[PDB]
Structures are given as C-alpha cells and as structure tokens.
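Asker: Once you've had a glance at the structure underneath, I'll fire off some questions.
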Amino acid sequence: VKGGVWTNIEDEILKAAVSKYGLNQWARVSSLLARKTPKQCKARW
Amino acid sequence: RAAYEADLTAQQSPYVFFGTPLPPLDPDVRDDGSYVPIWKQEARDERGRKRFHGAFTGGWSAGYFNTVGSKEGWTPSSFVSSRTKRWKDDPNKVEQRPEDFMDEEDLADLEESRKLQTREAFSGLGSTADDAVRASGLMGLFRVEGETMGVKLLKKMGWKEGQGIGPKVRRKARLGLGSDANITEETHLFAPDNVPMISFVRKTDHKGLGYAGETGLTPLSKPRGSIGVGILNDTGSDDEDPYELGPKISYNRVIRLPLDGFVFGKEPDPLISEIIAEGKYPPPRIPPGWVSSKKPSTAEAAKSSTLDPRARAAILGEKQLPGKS
Amino acid sequence: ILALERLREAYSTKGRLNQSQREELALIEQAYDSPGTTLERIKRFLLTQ
Amino acid sequence: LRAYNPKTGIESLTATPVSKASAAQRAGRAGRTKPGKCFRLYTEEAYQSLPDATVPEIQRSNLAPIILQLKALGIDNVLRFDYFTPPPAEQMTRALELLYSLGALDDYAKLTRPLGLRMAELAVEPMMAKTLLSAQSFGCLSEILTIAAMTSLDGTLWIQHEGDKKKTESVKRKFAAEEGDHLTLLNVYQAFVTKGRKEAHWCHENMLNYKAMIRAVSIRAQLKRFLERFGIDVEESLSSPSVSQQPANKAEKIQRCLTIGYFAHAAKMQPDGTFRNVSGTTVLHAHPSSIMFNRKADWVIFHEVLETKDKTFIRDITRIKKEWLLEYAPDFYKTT
Amino acid sequence: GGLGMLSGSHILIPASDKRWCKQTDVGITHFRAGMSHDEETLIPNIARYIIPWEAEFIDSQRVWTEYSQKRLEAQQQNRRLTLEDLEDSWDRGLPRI
Amino acid sequence: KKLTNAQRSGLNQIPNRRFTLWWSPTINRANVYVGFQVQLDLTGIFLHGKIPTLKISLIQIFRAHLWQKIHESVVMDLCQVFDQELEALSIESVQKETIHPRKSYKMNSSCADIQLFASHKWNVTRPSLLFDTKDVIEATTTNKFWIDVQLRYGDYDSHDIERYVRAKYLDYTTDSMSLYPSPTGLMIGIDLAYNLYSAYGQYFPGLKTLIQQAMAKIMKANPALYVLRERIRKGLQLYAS
RNA sequence: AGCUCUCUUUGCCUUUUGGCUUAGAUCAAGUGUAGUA
RNA sequence: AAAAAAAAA
C-alpha cells in the first residue's frame, strides 16, 4: 500500500529526514517513509 | 567466515539432526536459500561475478576468451580397418552420437528443451484443455476423449458413458411418443443417469445474497515475425504494423416495532412452526398385551482378522466383478 | 468510456513506467471496474474541490 | 464448504450460500434459553430462492478413499451398489485412476492381494499409505512412519503467538531443514522423543502444541502395530546409536521414498516465485506455514493442494529431482 | 530477416544481387536472373503507393454522393444497407465509408 | 533484474549479433576494396577488416574446436563408408592418415586424409568433377589412391564449390612442398556456409556413385554438422513451424 | 587589596561541513492462508 | 571505403 493518512510516526520521521537531507531531496525523505511518495512528502511539508 | 558460520550454526540449531539446518541470520553471512524476487536479483555467472559470457547471452566475449579453442586442446582419433579386421564386426563398436561434439551448455539447454509431460492414458493435475475441444461443433463430435484407461476399465467392468452409478432401475422406456402410459410396462433393467457436476461460482468478495451488483464497463473495442528490438530497448511496443496505423476493427456486416431498516417476515418459517406442532403423522397405536422379548477387544479382534475380502463377500452375499476370463 | 481511453492512449502496454503512471493505470482500471463510484467522485470533485 | 474438482483434481474451500436447513438450524439454535431474534441479512424472496437442503457431500469429495474402503469390505462391484444418492460418473473415474496410480488395483479393476490390502486396511490417506508400503523394499521406514504419524493430524503443531514474528521464525529455523517440511517435522519429533522426556513445558517454550502431537505419538504406535501384523519386522534403529550411515544419502533416501509415494503431486517453481503443475496450467502458491514459503526450490511435491477464495495453496513442500520422477513413474511420465 | 526500411530515394540495385545457387543430385545450378536485361531494377519509391490528396478528395465527394444515393433508394426497400453493395465503395472517402 | 551497464549494453547488442550472423555471407565479403585479410584461429574463416559482432557470433557458433570436430566426423564417416566397399572397387586395403592433427584449417597447404591401396593397377581417368559424366580414361596405370576432404566457409561472392575444388586440387598437386602418396587422388570440398559439396580429380571405376550417395547421406545426417546447424538455429532464434 | 582550591560569568570555537554539471542522473512491487476435528 | 567500451598478501 502506497497511500493513507499521515500518522504521528510519519510526521516525526519526515521532520528528522528533512533535518538530515534538507528541503530539496524529497526522494531520500520518501525512501524513509514506506507509504508516502516524494510528492506526498513535499505536499505534507 | 569458516569458524563463524560453523559455530553460530551450531549455536542456533543443534536440534536439526536430519538434513541440514538453515544458514544463520546475521548481517555478516548471507541467506542464499531465501527467495529474492526477480526485480531484486543480480545476474551473476557460475564463478559469481556480475558478468555475461556469450555472443547471444549478452556478453562482450564468447568461447574460451574470444577463442574457438579450449584449455585442454583437441586430439583426433585413429581409425584403422581392413579385410582381415573390420570395424563393423568389432565387439565394442563405438557409434557416432551427436553428443561428443556438444559443449556443457549445449547439453544443458538440450535437457532444458526436454520438458516433462504426463502420459495420455492418465489425467494429470489441472489439465484444462477439453473445454475448447468440446465447444467446436462437428469437431467436438468427431474428436472424443483421449481414452484415459480408468474409463476403459470401467467399460470393462460393465459401465457406459451417459449414465451414472447405482442399482439397476426397472423403468420401462421413453419411446418419445409424448407421455403415453398405455404401454405394457414390462420394464427392462436399466442404469441410473448421471447427476450433473456442481460448478461453484468463485466468491472473492463479501457481497450479499441476491445482489447482481454494479455492472462493470468494457474497453472501447481493440515468414512470420521479425528479429526483434531487444528486451530493454523495446520499452513499450514501438514496433507496430509498420504499414498501417491502428488495431484492426471488428466489422459489422449490416447497420412490536422491529429494528430500523429491517423488514418483518410476512409468513413464518415452516419448521420453526412444526417444532411447536405435532408433525404430519401420528404415533402408533401400541395395544396392551405386547411385552419386551428380553428382560433387563476391537484391536485384539483386528489382530486375528484374517478374513480376506473374497470370503468376506462370500459370507456377506454380495455379487462380485468378473475377473480374467 | 471515451475519457479513459484518451488517458490510456498516453501509455503503451509494455514499458518502464515510473510510479505515477502505474498509479494512473490502476486508477483507470478501477474506474473501468467501478464506474458509478468513479463518476460520483468526479462530480464531487468538480463541485467541491 | 470443501469441494473436490475431479477434472482439475484439486480441493477447494469455498464460501457457498447456506442451505434452507442450515438457516433453519440457525434460527433453531438462536432461541435456546429465552425467546430470541434472528437477523438473516438477505431479502425474503432471496430466502425463498435458496436450495431446500445442503449439497450432497459425496458429489464434492475425494471418492478415492471411500472406493478404497468399499473394495476393502469386498464389494468390488462399485457400479452396482445401493447408494442413497448417485455420485457423478466421472469423479469416481478420477478416483479409481488415482487408485491405479498408487498400485492397489490391477488392470482388471481388482484389488491386489499383497499391496492393495495393505493400503486398504489403514486409516491413513492412501497416497502416503503407498509411500509407507514401499519403504521396506527400498530401505528406511521408521522415519516416514513418523511422518505418517504427524501428517494424520489436523490442528497445527505451532501455536500462533502474534507477539512473536522473528522469534517464531527462529524457533522454526531451530528445527528447519532445506530438504522439505517433512524433515522439519521428523526433526521436531526426534527432538521431542529422544531427549524431550515427554515434557510439555519444553514444547511451551518451543511454541509447540502438546495434545495433538502426543496423539500423533499414539498414532505412530498404532501404525507400527498395524505393520507388525503385516509380518514385516520394524527396524527401530532410532534407539541405537548407529549413525555410521551418512545422513545426506539417508535424507535423499527419505525424500526418494516420498517421491515414489507422492509422484502424482509434482510441481515446478517459476521464477516469479510461484508453482505450476506438470501441464503448466494451474497457478499454485506455497502455503504460508511451510519453510519453503520463503525458500528457493526447483521441483517440489506437496502433501495436499487446496483452492481458497483467492489463491491456490500447496502444503508440505519437499524437494525432489526430475530424473527420480522419470524413474519411479514410467507409466505416468515420459520425456519430450 | 532484413531491416524492413522503406525508401524515398532513387536507389538502383546492380544485377549482382539477382543470382542464386541451387544444389541437385546431378549438378549444382548457379542461376543469374535478368541476363536478358542490361537494366537494373529500382528500389520502389514509397510515394508511388500513396494516393494524392486531390484525387482522394474528389473520390470522397463522389463516393459519398453515391452513398447518399444508395441510402435514399435503400430505405425505400430494405431496412439496412448490406456489405455487398458497398464493397466497391469500401476504402473510399476521407471519412472512410 | 538489477543489472550492470556492461550487461545492459550486452543485452542491447544481442539483436545486432543476430542480424550480423544472419547477413554474414554478404557482410563478410571478398570484394572489399580494402581490409587486411586475416584468418580466424583454428577455423578456415577469413575475415576482411575488423567486425567485432560478426567475430563474436562466429566464435560462439564454432566453440570448442567445432571446425576440427566437423572435419574429423566427415573424414571418419567417409572412411567407414569406404570400408564397406573394398570388394567391388578392387581396393586391397584402406588406411586413415593421421600425421598432422591440425591440418583442417590450413589453406596454404594440405595433406592427404584417407589412403586406398589397390590390388590391381587401376586405369584412372582424366581429372573431372563429380557430376561430370564424360569420363576420358587414360592408359596410364597406378596402384594407389588418396582422398582429401576440406571445409570451406564461403561467402556471397565466392561460394562456387566446383571452381574451388578445381583450384585446390591443382594447387595442392602442382607444388612440391605438399606431400601426397600417389599422383592420382580425389579432392572433396564442403562449402560449410552454404551446405554445398563437390569432388574433383581422378576416379577408378565404381567410385563416383559411392561418393555421391555417401556425401548425400552424411550431409543429411552428420552429427557434427547437426550440432553446427543446431548452434546456428539457436543463434538466429529462427524456427520451423 | 595576598596566595591556593572551588564555583559562577565573560572571552575563546580549540575534532567547528574541503570542487564542479543536465538539484550530475535515475528509483513500483514476491506470496499471508486457515468449513469441519 | 585504437580508446572510452567490457576491475588491490
């Protein structure tokens, strides 16, 4: 499954991933999250 | 390696006395036996390097390092014969099989070509091929079942296709003259007809009873071959009918309050009514005067059970099949 | 019906599609299988979103 | 309902609509102690539309063991018998073809005296009965006797602890072997019997049941006794420390005895991870309880096959080789 | 096994590509076709297989007026036009019939 | 699969290998205007220039000394068929010469393959082709014969087998550096790339029918020829229905 | 109003990000069952 | 009318 609603786990992992990778590499950040795409991570931020 | 795989294998599972225990789950050693899809596999060779080695198997090198030869060389055989000593009357006449001129990969893909198929006289698992044969008209009338020999031994023991299994039926006939009961009714001995097979619909869903469902739509319509464009350079089908556009079109010839949302049954279930009721038949009369006639191991017998089924059917009085005669 | 094949003319049957094209193909096949819910979703989006 | 398709020859555990007798007993068992309610989730016209009784069970089952039993009683004339309902005319042909493939019946539809009776009088599934009766003429017997004990068993050995996923995987790999699930079961039995001292709490740390598997121990005793009345001496070498025979060839011996007895259920693994039959038509998946669920294999045999609502699963995978199957089924296989 | 290229250029084929060998039991025949010519056969231009636009428009108008004619004297007769009276008018018309 | 760029390029070049193998007689041409004619090692294939896809596909076709094994297979089949026909041909004895092990791919010089010792002095004819019927027998008598077999991978421009065996017999008997046991023998040429056969030279009576029937039989059913055809068929992926 | 030790604050930065270009380019995915015992 | 481009006790 590559969809769903954003949970607290995913939001915290997204913020730590953004802290490590920055705001211009959403594919690395989306590699961290199992159910979310680079576009969905970018839209969530 | 070596010591580590051995002693952690001994530590994880001394209990596998028979066979071989699985390799240890560690970040150091790899689990070679586990499945690793096809979009995760790496294409490696016997040695174990990511490298190909054929002209037609994707390598930049073929043969023994771009050479038609080999490491061992090749030596021809001697062959001498005459009138006094001939080759054809020799005791060990070594014939010329087309397999000493083959390489190991020739033998490998030759036995790869040697597929396994079940025999024609015995049905295998899931052999789904008779449906297109039967639904062909005259072709299905002429072509018959491929005489799987269980059927023909059933024919041998007295069975016929078109009717089922059971005791003999003493029904007269249907002559096809309507439903005339004025026939003499002398009732030859017949066989029971076959019950139809149950073909249950596939239930992959939790849809309720009687629901036809939301109907689904359909897509709007829709010297032999070429060399090919490669399996990676194909992308998607950028090699169509080179002459004319489009897929060919099929051508027509001519132009108490109950629960909410729950309905009440107007008539009760008959057997939730007869559970209170007495039934459709009375108990027997039971007149006075009748009295009861009588007043108020298995394993060991199975050990001594030497009765063969022939004498068992003889003492039980059951008719037997005819044997070899 | 017509709209679906227009989108499906954009993609050959074979190919190296990335994620979004296969998501689109899944949505198109879902629309073929369940057209009433797809049309109701389209009208809801067209009114609301 | 469990059904058995004889043309494909596979089981199917499929969700059928209930019978009128079934919903009748439903309503009857609803109101036991106090006047209750029934909540049939379908319309009254639908309630009129169901069949009055259940589907007859002999039209949707393996007729092979019951034809075997009826021959064991001695009624060879199975065609002329007073059944309550007639079975389908071609399902029993598949049944007796299965009987012939296991030997048992001759070319003349008669039970064979030496072997056929010995498969006949056992209360075990006929194919692995044929596996058991071929062991003495070839070698090791007690190991597949143990496997026969544990395959005549319905409820699973491993208790389902949902809190353990890598731990249950480890304790399965504590016993697992790559050469089939049968060797894993033989290993758990030999671990329980030789050193386990019949102790239940040891099975409690090992995620294993107790009652069904000691019932299987009693089953092994019953099978050994039944073979003792076969006149064959039981080679109980498990108590002896004679391990001088190499274990690789003995495991090959075990799986070779299995493929003599389980030659009909042969499948080949396809590189998308699936399994196909010899004809290459039906799609078979590994059942999510064997170790071979997550292992690589080429040719396999399975104890059973069953069609669930979505996917067809095959059970008790064991590795084989192709030339074994060509050797031991000359009437049933042939090369291209 | 060829490349299957279509050509739009004047590409002459020398007659050395018009010979073939054949093996028989009494000899081997090396046939050389086109000996009676000193003229090379030419690679077919693609443009000679495509009907020009003006003629295609003219025939479209003509055959559609014909179709309206058969529709008028077909509906005062049968109910559907057949697929035998329009076989001559099959691959004609810019909205092809 | 997860595949490296060298392997991606190899897979991408496979159909070009098949195309280059299919059109190899018209690509590996003799009329070339330039190109250092080299010989492929252990085969009789001459390459003009460097075409790597053609060379790698031709090495794949002829792996494991397959040219040498074809030559050995055809010469031993011919030798045994010769061993069945001593009596009617007045052949006293049959011998298989095995001096040079690697002579099958030497095109500058050749040696004899099979020797036939005669009981009586045969009257050889003028050197004529296998399919030539106008036999002109000369009065010179001799008592020994030899049979030479050679394999040719011809191309589009040079695959006339009769002129090839004529030139080869005259060149291998004109020079003194090539040693033949008798002045009269028979040159046999096998065009491998077009499946042609021919023979040229002297004939003692009765030999011609045996040669033509045996040659037809072994071009139909030689085993090494069969594995050559199977390798070509697998290389092209060209099947029959 | 000293000298030692201790603590705080201030200073200090002391292991304190070592080029480029089309952000250099690209990135879906094994299987999860289980009427009856 | 070769190279990229077929790996450091």
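To be explicit about the labels: the chains of the structure tokens are called A, B, and onward in the order shown, and within each one the residues are counted from 1, while ligands get numbers from 1 in the order they are shown.
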Which polymer residues have any atom within 12 Å of an atom of residue 57 (chain E), counting only C-alpha atoms (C1' of nucleotides), with same-chain residues fewer than 6 positions away left out, as a VMD selection string?
Answerer: chain E and resid 51 63 to 64 92 to 96
Asker: Using only C-alpha atoms, I'd like a table of the residues in chain E that come within 7 Å of chain B; for each, show the closest atom pair and its distance in Å rounded to one decimal, ordered by chain and ascending number, as a Markdown table.
Answerer:
```
| residue | atom | partner | partner_atom | distance |
| --- | --- | --- | --- | --- |
| E:1 | CA | B:227 | CA | 6.3 |
| E:80 | CA | B:255 | CA | 5.6 |
| E:81 | CA | B:254 | CA | 6.0 |
| E:82 | CA | B:254 | CA | 5.2 |
| E:83 | CA | B:253 | CA | 5.5 |
```
Asker: Take the residues from that selection and write them out as a PDB file, in the first residue's frame, keeping N, CA and C atoms.
Answerer:
```
ATOM      1  N   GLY E   1      14.245 -11.444 -42.409  1.00  0.00           N
ATOM      2  CA  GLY E   1      15.381 -11.051 -41.611  1.00  0.00           C
ATOM      3  C   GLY E   1      15.983  -9.717 -41.966  1.00  0.00           C
ATOM      4  N   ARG E  80     -31.619  -2.193 -43.723  1.00  0.00           N
ATOM      5  CA  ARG E  80     -30.206  -1.905 -43.520  1.00  0.00           C
ATOM      6  C   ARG E  80     -29.474  -2.128 -44.835  1.00  0.00           C
ATOM      7  N   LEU E  81     -28.508  -1.262 -45.131  1.00  0.00           N
ATOM      8  CA  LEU E  81     -27.664  -1.469 -46.298  1.00  0.00           C
ATOM      9  C   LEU E  81     -26.707  -2.627 -46.048  1.00  0.00           C
ATOM     10  N   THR E  82     -26.485  -3.431 -47.080  1.00  0.00           N
ATOM     11  CA  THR E  82     -25.731  -4.668 -46.940  1.00  0.00           C
ATOM     12  C   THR E  82     -24.233  -4.371 -47.005  1.00  0.00           C
ATOM     13  N   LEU E  83     -23.414  -5.421 -47.028  1.00  0.00           N
ATOM     14  CA  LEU E  83     -21.976  -5.271 -47.194  1.00  0.00           C
ATOM     15  C   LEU E  83     -21.553  -5.926 -48.500  1.00  0.00           C
TER      16      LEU E  83
END
```
Asker: Considering only C-alpha atoms (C1' of nucleotides), return as a VMD selection string whatever protein or nucleic-acid residues lie within 10 Å of residue 4 (chain C), sequence-local ones (same chain, fewer than 3 positions apart) excluded.
Answerer: (chain B and resid 219 to 220) or (chain C and resid 1 7 to 9 25 27 to 29 31 to 32)
Asker: Counting only C-alpha atoms (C1' of nucleotides), give me one row per residue of chain B with an atom at most 10 Å from an atom of chain G, showing the shortest contact pair and its distance in Å to one decimal, sorted by chain then residue number, as a tab-separated table.
Answerer:
```
residue	atom	partner	partner_atom	distance
B:35	CA	G:30	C1'	8.2
B:36	CA	G:30	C1'	7.7
B:37	CA	G:30	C1'	5.4
B:38	CA	G:30	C1'	8.4
B:39	CA	G:29	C1'	8.3
B:40	CA	G:30	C1'	10.0
```
Asker: Neighbouring residues of residue 44 (chain E) were defined as those with any atom within 10 Å, considering only C-alpha atoms (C1' of nucleotides); residues of the same chain fewer than 5 positions away were excluded. Please report them as a PyMOL selection string.
Answerer: chain E and resi 6-12+49
Asker: Using only C-alpha atoms (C1' of nucleotides), which protein or nucleic acid residues come within 7 Å of region 140-154 of chain F? Drop anything in the same chain fewer than 3 positions from it, and give the result as a list in words.
Answerer: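 My list of contacting residues is residues 44, 45, 75, 104, 112, 113, 114, 115, 116, 117, 118, 120, 121, 122, 123, 124, 158, 159, 182, 184, 185, 186, 187, 188, 189, 190, 191, 192 and 193 of chain F.
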Asker: What's around region 22-29 of chain A at 9 Å? Count only C-alpha atoms (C1' of nucleotides), leave out sequence neighbours fewer than 4 positions away in its own chain, and write the answer as a list in words.
Answerer: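 Counting only the stated atoms, we get residues 13, 14, 16, 17, 18, 33, 37, 38, 39, 41, 42 and 45 of chain A; 23 and 27 of chain G.
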Asker: Once you count only C-alpha atoms (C1' of nucleotides), what closest atom pair and distance in Å to one decimal does each residue of chain B within 9 Å of chain H have, with rows by chain and rising residue number, as a Markdown table?
Answerer:
```
| residue | atom | partner | partner_atom | distance |
| --- | --- | --- | --- | --- |
| B:59 | CA | H:6 | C1' | 8.2 |
| B:60 | CA | H:6 | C1' | 5.9 |
| B:61 | CA | H:6 | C1' | 8.5 |
```
Asker: For the residues selected in the previous step, produce a file with N, CA and C atoms as a CSV table (one decimal), in the first residue's frame.
Answerer:
```
chain,number,residue,atom,x,y,z
B,59,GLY,N,27.1,-11.0,-23.5
B,59,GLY,CA,28.5,-10.8,-23.1
B,59,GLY,C,29.3,-10.2,-24.2
B,60,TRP,N,30.4,-9.5,-23.8
B,60,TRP,CA,31.4,-8.9,-24.7
B,60,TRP,C,32.5,-9.9,-25.0
B,61,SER,N,32.3,-11.2,-24.9
B,61,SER,CA,33.3,-12.3,-25.0
B,61,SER,C,32.5,-13.6,-25.2
```
Asker: Please determine, counting only C-alpha atoms, which residue among B:6, B:231, B:151, B:144 has the shortest atom-to-atom distance to chain F.
Answerer: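 Of the candidates, the smallest distance to chain F is held by B:231.
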Asker: Identify, with DSSP run on backbone atoms, the residues in chain C assigned to alpha helix (DSSP H), and express the list as a PyMOL selection string.
Answerer: chain C and resi 2-8+19-33+35-48
Asker: Have a look at CA of residue 55 (chain F) and CA of residue 228 (chain F) and let me know their distance in Å, one decimal.
Answerer: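 Computed distance, CA of residue 55 (chain F) to CA of residue 228 (chain F), equals 16.2 Å.
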Asker: Suppose you want the space between CA of residue 108 (chain D) and CA of residue 159 (chain B); what is it in Å?
Answerer: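 Value for the CA of residue 108 (chain D)-CA of residue 159 (chain B) distance: 13.4 Å.
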Asker: Quick one: which residues from chain G are at most 12 Å off chain D, using only C-alpha atoms (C1' of nucleotides), as a list in words?
Answerer: residues 29, 30, 31, 32, 33, 34, 35, 36 and 37 of chain G
